[PDB]
J.: 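To start, I am sharing the structure in question, which I have written as structure tokens.
Lettering follows sequence order; numbering is per chain, from 1. Below, all heavy atoms of this structure are taken into account, side chains as well, without hydrogens, waters or symmetry copies.
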Amino acid sequence: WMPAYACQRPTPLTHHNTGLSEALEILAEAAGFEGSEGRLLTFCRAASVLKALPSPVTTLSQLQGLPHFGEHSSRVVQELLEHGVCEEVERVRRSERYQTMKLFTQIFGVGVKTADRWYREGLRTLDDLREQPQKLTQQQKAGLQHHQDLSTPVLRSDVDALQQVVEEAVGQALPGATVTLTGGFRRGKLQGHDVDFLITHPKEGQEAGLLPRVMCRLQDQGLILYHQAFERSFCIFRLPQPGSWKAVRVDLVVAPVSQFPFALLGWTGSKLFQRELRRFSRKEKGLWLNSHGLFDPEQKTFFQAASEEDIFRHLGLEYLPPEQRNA
DNA sequence: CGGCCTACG
DNA sequence: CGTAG
DNA sequence: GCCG
Ligand SMILES: [Mg+2]
Ligand SMILES: [Mg+2]
Ligand code: NA
């Protein structure tokens, strides 16, 4: 009754097992900080199964038969049901390793590998890193300077204002080009830690060379606090605030219109949903999916899609709107 | 046991 | 190495 | 860590 892949079931943004899923996600995150991608995936998948359930789990019984619940994830749930806390989860939460790896990986320009090296070198705080600025790339310097602003969520109000400024630059760069809001906001989130836009043009090929032209125009308007032929730009933008402004992460992506459904699908997420969807495509259907297309490796052909609905149909999956992709 | 998404900057 | 979802 |  519960399918094994997250792309086979609706997953709403809000649900009935919030505390249980949050605890499993702490363990998933900690597994990632240790380089255990397999354990991260299992804990993420188990958390996502709980998000997809129609009511709260109240008894351990109710996990029997659910995919991705074995001895470890079931024991976590059991401890939470019986005591309101799970000792393993709380030990992770308060550990110096978890807290520092979380802080460091939050920095734009710092991943697990860099964070882990710094941790092993004895660094623990953002001010530790600031004192050693020759250890830092230009990207990391920007991430560190702007870390406080980037730690505060963006509201949907802010997003609409940003979209209008991006649309103005895009229209000068290439009249007729369009801007679509993707990422978590397209899935219905009311807040988020960045904003994602997908840009195309209805005439195939006109979008070639577009992103540099857009970036130059936004920089000329004084809106770009940090960036840098290309088709994805990971920026920090100046967002107006009453009497001042704040830094916001914005991603801009260009795709040809032939690829737009695939890029829209990919950039709308969630991250787990897209990993599960690509895994399903390859392992169950023998087709290879990315943000550019869907390849049949036996006929050596690409599926044409005119819509996300087309892609779900190609893959034999019932359509899920973005609001049900919150795996 | 092997496998765990698949790209671009 | 970083980034994305 | 779990699935197949
Ligand atoms: Mg986003
Ligand atoms: Mg983003
Ligand atoms: Na980071």
Side-chain angles (χ1 to χ4, degrees), chain A residues 2-7 24 27-28 30-32 34-49 63 65-70 72-76 88 104-118 136-137 139-143 150 181-187 189 192-198 211-212 215 226-236 249-255 259 262-284 287-295 322 325-327:
Chain A
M2 171 72 61
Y5 289 86
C7 59
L24 289 166
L27 299 182
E34 304 312 308
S36 188
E37 194 75 359
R39 291 174 84 251
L40 173 149
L41 275 170
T42 281
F43 284 129
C44 284
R45 294 164 178 165
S48 86
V49 163
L63 300 177
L66 290 180
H68 310 290
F69 278 88
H72 199 149
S73 303
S74 297
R75 185 252 297 156
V76 171
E88 185 186 4
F104 284 176
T105 59
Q106 279 169 357
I107 304 165
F108 181 65
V110 182
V112 171
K113 286 183 187 103
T114 298
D116 173 68
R117 173 174 84 250
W118 291 345
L136 302 178
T137 64
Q139 185 180 41
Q140 289 164 355
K141 288 177 182 179
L150 296 184
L181 177 65
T182 65
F185 287 103
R186 183 169 180 251
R187 306 197 305 277
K189 293 183 76 175
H193 278 98
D194 84 335
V195 190
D196 306 301
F197 296 111
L198 176 60
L211 198 50
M215 290 314 298
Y226 171 87
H227 72 117
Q228 272 138 339
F230 51 105
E231 68 212 44
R232 303 171 180 189
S233 298
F234 315 116
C235 313
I236 304 175
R249 278 275 296 107
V250 178
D251 295 330
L252 305 178
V253 185
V254 172
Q259 298 179 9
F262 298 98
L264 183 61
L265 179 63
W267 283 88
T268 296
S270 72
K271 180 175 180 176
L272 178 63
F273 189 92
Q274 294 300 314
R275 294 173 77 151
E276 291 281 285
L277 184 67
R278 295 173 183 197
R279 189 171 64 96
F280 178 90
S281 182
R282 173 177 291 265
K283 301 299 186 187
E284 306 301 326
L287 304 180
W288 301 348
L289 178 66
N290 67 17
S291 76
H292 304 143
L294 180 61
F295 185 69
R325 305 180 200 161
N326 285 294

J.: Give the intermediate values and the outcome of side chain to side chain contact (heavy atoms under 4.5 Å, CB included) for residues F295(A) and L289(A).
T.: CA-CA 7 Å; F295(A) 185 69; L289(A) 178 66; over 6 Å; no
J.: Once pairs are restricted to Watson-Crick or G-U wobble with both distances under 3.5 Å, how does DNA chain C read as a dot-bracket string, [ ] for crossings and | for other-strand pairs?
T.: |||||
J.: Just jot down the side chain to side chain contact (heavy atoms under 4.5 Å, CB included) partners of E284(A), sequence neighbours excluded, or say none.
T.: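 Residues passing side chain to side chain contact (heavy atoms under 4.5 Å, CB included) with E284(A): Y5(A), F280(A).
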J.: Not counting sequence neighbours, which residues clear side chain to side chain contact (heavy atoms under 4.5 Å, CB included) with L272(A)? List them please.
T.: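 With sequence neighbours excluded, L272(A) shows a side chain to side chain contact (heavy atoms under 4.5 Å, CB included) to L41(A), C44(A), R45(A), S48(A), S270(A), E276(A), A327(A), given in chain and number order.
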J.: Among all residues two or more places apart in sequence or in another chain, which pass the side chain to side chain contact (heavy atoms under 4.5 Å, CB included) test with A115(A)?
T.: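 Applying side chain to side chain contact (heavy atoms under 4.5 Å, CB included) to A115(A) gives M101(A), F104(A), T105(A), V110(A).
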J.: Once side chain to side chain donor-acceptor pair (under 3.5 Å) is applied, do any residues pair with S281(A), and if so which ones, sequence neighbours excluded?
T.: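 By the side chain to side chain donor-acceptor pair (under 3.5 Å) rule, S281(A) matches no residue at all.
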J.: Among all residues two or more places apart in sequence or in another chain, which pass the side chain to side chain contact (heavy atoms under 4.5 Å, CB included) test with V49(A)?
T.: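 Applying side chain to side chain contact (heavy atoms under 4.5 Å, CB included) to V49(A) gives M2(A), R9(A), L66(A), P67(A), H68(A), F69(A).
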J.: What is the nucleic acid contact for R249(A), judged by heavy atoms within less than 4.0 Å: base, sugar-phosphate only, or nothing?
T.: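 Sugar-phosphate: the residue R249(A), judged by heavy atoms under 4.0 Å, touches backbone atoms but no base.
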J.: What interatomic distance, in whole Å, is found between P of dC5(B) and the corresponding atom of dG4(D)?
T.: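 Each nucleotide's P atom is 15 Å from the other's.
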J.: Report the residues that fulfil salt bridge (charged side-chain N to carboxylate O under 4.0 Å, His left out) with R232(A), sequence neighbours left out, ordered by chain and then residue number.
T.: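 Counting only residues at least two positions away or on another chain, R232(A) forms no salt bridge (charged side-chain N to carboxylate O under 4.0 Å, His left out).
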J.: It should be established whether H72(A) places a side-chain nitrogen or oxygen under 4.0 Å from OP1 or OP2 of nucleotide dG1(D).
T.: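 Result: yes.
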J.: Tell me what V253(A) touches on the nucleic acid: a base, only sugar-phosphate, or nothing, going by heavy atoms under 4.0 Å.
T.: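 Answer is nothing: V253(A) stays at 4.0 Å or more from every strand.
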J.: Contact class for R325(A) (heavy atom, under 4.0 Å): base, sugar-phosphate, or nothing?
T.: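 Counting heavy atoms under 4.0 Å across all strands, no contact is made by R325(A).
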J.: The criterion is side chain to side chain donor-acceptor pair (under 3.5 Å); which residues satisfy it with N326(A), sequence neighbours excluded?
T.: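 If we apply the side chain to side chain donor-acceptor pair (under 3.5 Å) test to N326(A), skipping adjacent residues, the hits are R187(A).
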J.: What nucleic acid atoms does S281(A) come within less than 4.0 Å of, heavy atoms only: base, sugar-phosphate, or nothing?
T.: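 Touches nothing.
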J.: Mind checking what makes side chain to side chain donor-acceptor pair (under 3.5 Å) contact with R39(A), not counting sequence neighbours?
T.: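 Not a single residue meets the side chain to side chain donor-acceptor pair (under 3.5 Å) criterion with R39(A).
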J.: How does protein reach along nucleotides 2-9 of chain B, written 5' to 3' as B (base within reach of a heavy atom under 4.0 Å), S (only sugar-phosphate), or - (no contact)?
T.: -SBBBBSS
J.: Backbone N or O of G32(A) within a donor-acceptor pair of the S36(A) side chain at under 3.5 Å?
T.: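 No; zero donor-acceptor contacts below 3.5 Å.
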J.: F69(A) has an atom CZ; how far is it from atom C1' of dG1(D), in whole Å?
T.: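 Those two atoms, CZ and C1', are 12 Å apart.
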J.: Anything under 4.0 Å to a heavy atom of chain A counts; send over the first and last such nucleotide of DNA chain C, read 5' to 3'.
T.: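 Contacts span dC1(C) to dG5(C), reading 5' to 3'.
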J.: Can you list the residues that meet the salt bridge (charged side-chain N to carboxylate O under 4.0 Å, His left out) rule with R249(A), with sequence neighbours excluded?
T.: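 With neighbours one apart ignored, the set is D251(A).
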